[PDB]
6 protein chains.
Amino acid sequence: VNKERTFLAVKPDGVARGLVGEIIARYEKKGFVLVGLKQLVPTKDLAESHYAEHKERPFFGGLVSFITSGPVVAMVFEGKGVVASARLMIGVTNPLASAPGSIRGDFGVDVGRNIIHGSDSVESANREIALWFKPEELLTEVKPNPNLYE
Amino acid sequence: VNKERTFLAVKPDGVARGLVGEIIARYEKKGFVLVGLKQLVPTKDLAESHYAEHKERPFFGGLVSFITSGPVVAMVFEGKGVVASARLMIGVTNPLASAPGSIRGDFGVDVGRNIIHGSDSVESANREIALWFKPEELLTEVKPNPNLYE
Amino acid sequence: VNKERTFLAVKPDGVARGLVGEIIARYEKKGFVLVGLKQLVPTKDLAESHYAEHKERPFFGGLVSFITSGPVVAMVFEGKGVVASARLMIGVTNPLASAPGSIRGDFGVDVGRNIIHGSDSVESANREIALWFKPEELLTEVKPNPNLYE
Amino acid sequence: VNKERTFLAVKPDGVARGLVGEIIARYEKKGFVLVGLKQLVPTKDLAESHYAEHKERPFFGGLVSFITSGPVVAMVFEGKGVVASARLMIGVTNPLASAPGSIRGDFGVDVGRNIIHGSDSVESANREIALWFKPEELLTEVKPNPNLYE
Amino acid sequence: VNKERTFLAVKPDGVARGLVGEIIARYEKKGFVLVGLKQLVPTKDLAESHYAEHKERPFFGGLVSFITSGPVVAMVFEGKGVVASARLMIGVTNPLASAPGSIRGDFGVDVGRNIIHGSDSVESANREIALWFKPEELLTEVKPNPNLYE
Amino acid sequence: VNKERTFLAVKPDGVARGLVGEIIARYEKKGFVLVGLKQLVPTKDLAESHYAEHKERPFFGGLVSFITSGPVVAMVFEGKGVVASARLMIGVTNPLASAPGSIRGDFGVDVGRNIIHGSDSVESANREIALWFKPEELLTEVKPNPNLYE
């Protein structure tokens, strides 16, 4: 249960705006454990797979183009209720409606330039992690601060 | 649309408590662009005009007295949905009910000493900006970070 | 009214995670005044009294054991609406459901390791303060920033 | 003596990089009092006057061009030893040689894009303030935190 | 050796300026362990004893008066080289000459209102701790983060 | 010249203490560009190669053991004078002697647990980058903020 994992990606706008360290620090302070981490420029295929769920929609081409427009920092965090907790820390789709204190609430203004991606569910988290990372790239032995869990 | 503007004023208590830089930084981090900025001690007339909407109420005299009691930092910010977004960043009238993460939620305790003023609408924003600033004092050419807007 | 007081305790996990200064700073920035402060390792009796309200429940033994497992930083803050305001700053019982910007929302993950204690009411605040502090240990003459209250 | 004043200007690169609030906060935290403040796009004449001391040098044309390339946030701070203290807070001409903790040490990399200007002496501070601000724009009645001066 | 201790006191100006949490956080982040902590209003006798080394000097009366003018937060920190390390974190006697990054460099302007006290040596640290704290008030069992010491 | 690169590694203690995001943010704020990034648990061979320069010394076995004791966040930053600048931001070998404002000055206490590694020269930076990263893992097209370089 405390072994739950989520996939987060600091999108090109977030990387370009120098928000990588600020975003990672928020998750480390919360107590989640960094299990995978690497910077990369996504290829079209990985992009199309990541957004496959929208492949029938019109905006799908825009999503693929943007995520491949520059480097992305992909990461996997582990902890209890991480998937839902990470979404709460990010905010809502529209940054302008995101509450102050959340990532998008503090730094974003446009839905199209919303800084970060967080899996919306455990199953999507599982698919995305396996999509973005090779098993060799993920920590197998995870140990959080002992003052974090009862 | 991304040319929307709002008027913000760091009231005398906020200036006296050394919260000017902290408040400006929150808006700059969000991505809004500083279009006008100056410190001044409001005269009675500008004050009465700013709060004209309350001129029939009893507390109106108290509002005018306080805002003229010391320096005020007036500023104009530009961005998409800035008017509503800036209000969300400020919090609610009563600082004690404002959520942690918002300006009044983080620093205020009294309705009467609530640190900052934000226009409540585009039309009030337009009236206030034209009230507090001469056109010469506002940037005509505004350019935000290109990683902010799609 | 502006003489209202609340009891806060940074529990063993919070002390062990180096969150004492971060927690105090949040309350000082808000404008509340530190009226009592000391680090101690609670004895079983003080613990049982603090959680007396749960003495009939099963988890009561767990509460007493944990709070006595290490040092605790007890403090008393004074200000208008401090009791409710301090609870809002802390968040909800479950850290995972606490909103970003609140103490538990920013730093906690487990109900059992939720970092801090805040009185839930004026009467409980009164009982706890008198329980944890000798009158000699509390400031009698309190003076907040004059820019805080109208 | 505690009435000493200095002129600071957040140059175009600093304004464009969203460092205005961060810079003001550093001076407010230190205890200096904001006496003048306004955003403006310097004209060529004000620029040439500001850098008149270099009018015989080759790089002088570059200085004038850059400072007039965009908005600048000009400010005047008051306090004991403000002139030398503000320079120490800024760092050295070359940002790369500026120590971590100073403005240029924390945020700059190029001598040509060094973020901020601080008067190098009382006499230059006097000339610059009178150059950049009309007397009407400066606070006459200055009152710092009483816990700042003995 | 890693059991070395120092005495720190947040003086009345520091407490009044809301700098208590900020100061404690700096020491916790560094890795030092809080061993004693309490707020108090020093009596004349404790004051005269604390500054006994200056009892023959003229300014001695001023030191005693100020430290007894309001609450003080006394604390004892433990760690390797804590005594010298804590002084380096504080800065020099004159806040204006203290480097940015240090406590006095970041927040002070006057020698007379220099925010904090740090023992200048192990022997003075020993005398001050035994002067300000009863043994019952100090942690006997100290355990720092295991990732701090080799 | 503005294409200079350095290799930084957040060692196991730094990763375990949740300092990864804090360290990256310091470099991003400075203006350096993240060119490579990944978390890994170094193997003995990579370790021995990284510290090959000390292979004749006694402490060499201790260095290899520690760096392989847990995950490490390796990164490559690009910018003008990055190699020397990054060392200045880190501090000196002994954290206790590192000045407040630097990474080791703010967070470390023991030479053996000094949080981070920074190449000491361009040639060592070149050897380390080629040692720790495959060319495919480094950005070829680097573009910093245009407000950073003249």
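None of the figures in this text is laboratory data; all of them are computed from the coordinates on show. Cβ: placed from backbone, ideal geometry, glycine included. Neighbour counts: every protein chain shown.
Among the candidates F:31, F:14, F:91, which residue alone is more than 21 Å from residue A:32 (Cβ to Cβ), buried (at least 21 other Cβ atoms within 10 Å of the Cβ) and within 13 Å of chain A (Cβ to nearest Cβ)?
F:31
In the range C:52-84, what residues are of a type in the set (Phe, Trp, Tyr) and either out of contact with any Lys or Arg (no Cβ under 9 Å at 6 or more places or on another chain) or within 14 Å of chain B (Cβ to nearest Cβ) (or both)? Explain how you work it out, then say what you get.
To start, the set of residues in the range C:52-84 that are of a type in the set (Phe, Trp, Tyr) comprises C:59-60, C:66, C:77.
Scanning the range C:52-84 gives C:59, C:60, C:77.
Do you know which of the residues in the range D:130-139 that are free of Cβ contacts under 8 Å to residues at least 60 places away in the same chain and outside any loop (DSSP other than H, G, I, E, B) is farthest from the other protein chains (Cβ to nearest Cβ)?
Of everything passing the filter in the range D:130-139, D:130 is farthest from the other protein chains (Cβ to nearest Cβ).
Does the range A:73-88 include one or more residues that are in a strand (DSSP E or B), over 16 Å from residue C:96 (Cα atoms) and free of Cβ contacts under 8 Å to residues at least 12 places away in the same chain? Give the steps one after another, and end with the answer.
Residues of the range A:73-88 that are in a strand (DSSP E or B), as a first pass: A:73-78.
After this cut, where a residue has to be over 16 Å from residue C:96 (Cα atoms) as well, the list is A:73-76.
Imposing the further condition that a residue be free of Cβ contacts under 8 Å to residues at least 12 places away in the same chain reduces the set to none.
Looking through the range A:73-88, none of the residues is in a strand (DSSP E or B), over 16 Å from residue C:96 (Cα atoms) and free of Cβ contacts under 8 Å to residues at least 12 places away in the same chain.
Which one of these does residue A:5 not meet: (1) touching a residue at least 60 places away in the same chain (Cβ under 8 Å); (2) facing chain F (nearest Cβ under 7 Å); (3) over 17 Å from residue A:72 (Cα atoms)?
If we test residue A:5 against (1) touching a residue at least 60 places away in the same chain (Cβ under 8 Å); (2) facing chain F (nearest Cβ under 7 Å); (3) over 17 Å from residue A:72 (Cα atoms), just (2) comes out false.
Please verify whether the range F:38-59 includes one or more residues that are under 24 Å from residue A:15 (Cα atoms) and not polar (S, T, N, Q). Spell out how you get there, then give the answer.
To start, the set of residues in the range F:38-59 that are under 24 Å from residue A:15 (Cα atoms) comprises F:38-40.
Checking which are not polar (S, T, N, Q) leaves us with F:38, F:40.
Yes.
Evaluate the following for residue D:127: is it buried (at least 16 other Cβ atoms within 10 Å of the Cβ), touching a strand residue (DSSP E or B) at 6+ places or on another chain (Cβ under 6 Å), without any contact (Cβ under 8 Å) to a residue 60 or more places away in the chain and among the charged types (D, E, K, R)? Let's see the steps before the verdict.
On the way: buried (at least 16 other Cβ atoms within 10 Å of the Cβ): yes; touching a strand residue (DSSP E or B) at 6+ places or on another chain (Cβ under 6 Å): no; without any contact (Cβ under 8 Å) to a residue 60 or more places away in the chain: yes; among the charged types (D, E, K, R): yes.
Here the answer is no, as residue D:127 does not meet what is asked.
Going by the conditions given, is residue A:26 part of a helix (DSSP H, G or I), surrounded by 22 or more Cβ atoms within 10 Å (Cβ to Cβ) and not hydrophobic (A, V, I, L, M, F, W, C)? Walk me through how you get there before you give the answer.
Numbers: part of a helix (DSSP H, G or I): yes; surrounded by 22 or more Cβ atoms within 10 Å (Cβ to Cβ): no; not hydrophobic (A, V, I, L, M, F, W, C): yes.
Judged against the criteria, residue A:26 is not a match.
Of B:57, B:104, B:127, which residue is of a type outside the set (A, V, I, L, M) and part of a loop (DSSP other than H, G, I, E, B)? So that I can check it myself, show each step before the final result.
On the way: B:104 fails: part of a loop (DSSP other than H, G, I, E, B); B:127 fails: part of a loop (DSSP other than H, G, I, E, B).
Sole residue among the options that is of a type outside the set (A, V, I, L, M) and part of a loop (DSSP other than H, G, I, E, B): B:57.
Between F:111, F:142, which is surrounded by fewer than 21 Cβ atoms within 10 Å (Cβ to Cβ) and within 14 Å of chain D (Cβ to nearest Cβ)? Break it down stepwise before answering.
On the way: F:111 fails: within 14 Å of chain D (Cβ to nearest Cβ).
Exactly one residue qualifies, and that residue is F:142.
Among what's in the range D:34-58 and is of a type in the set (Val, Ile, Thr) and surrounded by fewer than 18 Cβ atoms within 10 Å (Cβ to Cβ), pick the residue that is farthest from residue B:144 (Cα to Cα). Steps first, answer last, please.
Start the filter on the range D:34-58 by keeping residues that are of a type in the set (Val, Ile, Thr), which leaves D:35, D:41, D:43.
Cutting the leftovers down to surrounded by fewer than 18 Cβ atoms within 10 Å (Cβ to Cβ) gives us D:41, D:43.
Values: D:41: 16, D:43: 22 Å.
For the range D:34-58, the residue satisfying everything is D:43.
Hey, can you tell me all the residues within the range D:71-119 that are more than 27 Å from residue F:4 (Cβ to Cβ) and among the β-branched types (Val, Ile, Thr)?
Within the range D:71-119, D:72, D:73, D:76, D:82, D:83 meet the criteria.
As an exercise: evaluate residue B:86 against (1) over 30 Å from residue F:146 (Cβ atoms); (2) under 12 Å from the mean Cα position of the chain (by Cα) and give the number of the one condition it does not meet.
Status for residue B:86: all satisfied but (1).
Given E:126, E:145, which one is more than 20 Å from residue F:101 (Cα to Cα), of a type in the set (S, T, N, Q) and in contact with a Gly (Cβ under 7 Å, 6 or more places away or on another chain)?
After applying the criteria, what remains is E:145.
One residue is enough: does the range E:65-84 have a residue meeting the conditions farther than 30 Å from residue D:23 by Cβ, of a type in the set (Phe, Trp, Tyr) and touching a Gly at 6+ places or on another chain (Cβ under 8 Å)? Steps first, please.
Taking the range E:65-84 as the starting set, the residues that turn out to be farther than 30 Å from residue D:23 by Cβ are E:65-72, E:74-84.
Checking the rest, the ones that are also of a type in the set (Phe, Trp, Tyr) come to E:66, E:77.
Then keep just the ones that are touching a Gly at 6+ places or on another chain (Cβ under 8 Å); that gives E:66.
Yes: one or more hits.
Give the residues of the range C:114-129 that are within 14 Å of chain A (Cβ to nearest Cβ) and hydrophobic (A, V, I, L, M, F, W, C), sorted by residue number.
C:115, C:116
So which residues in the range F:65-88 are farther than 22 Å from residue D:113 by Cβ and either crowded, with 22+ Cβ neighbours inside 10 Å or in contact with a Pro (Cβ under 9 Å, 6 or more places away or on another chain) (or both)?
F:66, F:67, F:68, F:69, F:70, F:71, F:72, F:73, F:74, F:75, F:76
Which number in (1) within 25 Å of residue D:84 (Cβ to Cβ); (2) assigned to a loop (DSSP other than H, G, I, E, B) marks the one condition that residue E:143 misses?
Here residue E:143 meets the rest and fails (1).
Before we move on, is residue F:133 aromatic (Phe, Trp, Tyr) and under 29 Å from residue A:42 (Cβ atoms)?
Numbers: aromatic (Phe, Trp, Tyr): yes; under 29 Å from residue A:42 (Cβ atoms): yes.
Yes, satisfied.
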